[PDB]
Amino acid sequence: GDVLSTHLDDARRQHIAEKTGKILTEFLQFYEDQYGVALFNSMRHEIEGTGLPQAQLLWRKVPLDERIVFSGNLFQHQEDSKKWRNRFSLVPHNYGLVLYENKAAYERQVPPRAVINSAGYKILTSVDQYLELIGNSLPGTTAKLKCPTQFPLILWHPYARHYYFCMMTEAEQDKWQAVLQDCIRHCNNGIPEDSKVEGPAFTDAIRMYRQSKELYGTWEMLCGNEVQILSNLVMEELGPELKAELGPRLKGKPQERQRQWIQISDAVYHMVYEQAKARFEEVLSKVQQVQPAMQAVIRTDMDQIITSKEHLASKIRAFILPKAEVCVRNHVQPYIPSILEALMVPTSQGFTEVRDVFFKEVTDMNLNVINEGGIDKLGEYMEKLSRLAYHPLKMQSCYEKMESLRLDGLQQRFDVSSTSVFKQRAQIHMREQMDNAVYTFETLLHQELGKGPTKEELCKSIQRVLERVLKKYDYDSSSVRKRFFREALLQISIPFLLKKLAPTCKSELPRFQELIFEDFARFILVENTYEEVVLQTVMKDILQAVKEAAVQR
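Residues numbered from 1 in each chain as written, not as in the entry; some residues may be left out. Heavy atoms only, no water.

The record names X-ray crystallography as the way this model was obtained, at a resolution of 1.8 Å.

Below, the structure is given as structure tokens:
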């Protein structure tokens, strides 16, 4: 039989589901523990009024009207037939990649042949690059795919299936590379950053689970929505032993064996995804049911919870602060300036490029008003400007500023994962700030225009509204960048410290549990309090490094 029927038979699928279920159970215990802590922290910020200050730019409240992002014909390699077929390929408003047999089939409202969420994917523009990337997916390879055009585009994922496209011209290749890069970035941004409770509870639980498996530091596969990330977590853990078991059973030449493993991995990824979805959504519903009860206890007992948290922290400080401060002084503090410099330069270039692109587009609109000498086509020009933050070409020069980013870890070595994650996060911030700029410009211009078509010439109020939005932009850009640099420095330095401190602490921390009043245990965790103690040991150096640099400008 075929590869999947042979190697993923019912018995093997049951074993995989059992192992997956054990991982999900352990993760969900971390998640339920984290949930009340995330709730307490968010409520403390709101009640004490210590959340993020209000931005100067306005934020769009309703999404833009849904429009197709891009479409065109592509060739796609077909896994079943091994034949290349034309496909009409469409990117909807939500940045899925949708493939139809042809455009005529699309017009007749025929179902799509595939709908692809590209979270966790990477783009390759040559077959050799792709073969190099998968070349060591099975062991011992060095211990002794052919495209109809010269312009391929390949989508690779560590666990899910790979897609093979090609285009007729370098121009089409370049366009689809930008669009698919936008798709990946959009799908990776699957948990809203301003989620108050669910987001932080989930991502902290992921980190704590990984730490319990002795995995510290930024994780490249913390991308996509919750179920995708959980699927990545399971595949990371189960992949090695599944590969060790099935690898020797695969028959053929090295690249054929590599392709069979990709097919097996995708099938397991699907099975894991559905199992994780069911298990996670069950627990999410359970925590949401008791969240109001938790809110009442937090609101009533706020001051006593803070007191209990501070008492626990004081005992942890007494235990770990000497060794922590030495480790920061000797092994973190010397390197904070260099890491900050590496992050600041491309990030600040990118935010400045957003400003320049915004300024040019508003001026181009202003030129149109002067040329028609009138207000009457403003709605047409504002509609195009309203979408600038999602323009598949015009934003590319901003995003490109991040590709020179190279970050060392605290072993003074290039950190691939930190670099990847922080380029993605920086680019998402750039998209947000561009959208805020054009939304603010539109809103303020409409206000200004209530004065009348020519109380003074329209191009004077346009340029005055533009100058007002630019000052709001410059303020918000510095706010956003300072927060981003602080967050990134913390996310590089704290996992390093926790790993160095683990032989001292991991056996000893449970002894502090007895200090937590049982009715507060959903809101206070020994581990989280300990991690906050460690965080405070780098806070001075980080705030001062971002201060002394004044990197936020």
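With antiparallel pairing, the 7 strands of this open sheet are ordered in space as β4-β3-β2-β1-β7-β6-β5. Of all strands in the sheet, those with a lone pairing partner are β4 (114-116) and β5 (122-124), marking the two edges. Pairwise comparison of adjacent strand axes, ignoring direction, gives a mean angle of 35° for this sheet. Two elements, strand β6 (residues 151-156) and strand β7 (residues 163-167), share 5 bridges in a ladder whose sense is antiparallel. Following the sheet pairing, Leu155 is matched in β7 by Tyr163. Seen against the sheet, helix α4 (residues 127-134) touches β5, β6 and β7 and runs at an angle of roughly 25° to β6. (Pairing = 2+ DSSP bridges. Helix = DSSP H or I, 4+ residues; strand = E, 2+ residues; numbered from the N terminus. Axes fitted to C-alpha atoms, helices over the stretch in contact; angles between N-to-C directions. Contact = heavy atoms within 4.5 Å.)

The next subject is the pairing of strand β1 (residues 70-77). If a strand is regular, its side chains alternate between the two faces of the sheet. Here β1 pairs with strand β2 (residues 84-91) via 8 bridges, running antiparallel. Within β2, the position partnered with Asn73 by the bridge is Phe88. In textbook terms, the turn of a hairpin is the stretch between consecutive antiparallel strands, and for β1 and β2 this stretch comprises 6 residues, one of which, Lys82, has a positive phi near 60°. Alignment of β1 against β7, held across 2 bridges, turns out to be antiparallel. Across the sheet, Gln76 pairs through a bridge with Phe165, a residue of β7.

Let us look at the packing of aromatic side chains. Across all of its chains, the model carries 18 aromatic pairs by this definition. Both rings, one in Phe88 and one in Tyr106, keep their centres 5.2 Å apart while their planes meet at 40°; by these two values the pair is tilted. Here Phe88 is found in strand β2, whereas its partner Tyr106 is found in helix α3 (residues 103-107), with 18 residues between them in sequence. Judged by relative accessible area, which is 3%, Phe88 ranks as buried. Geometry around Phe70 places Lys175 over its ring, the cationic atom sitting 5.7 Å from the centre. (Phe/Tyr/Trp six-rings, centres within 6.5 Å; stacked < 30°, edge-to-face > 60°. Buried < 20%, exposed > 50% of the residue type's maximum accessible area, 1.4 Å probe, protein only. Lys NZ or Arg CZ within 6 Å of the ring centre and 35° of its normal.)

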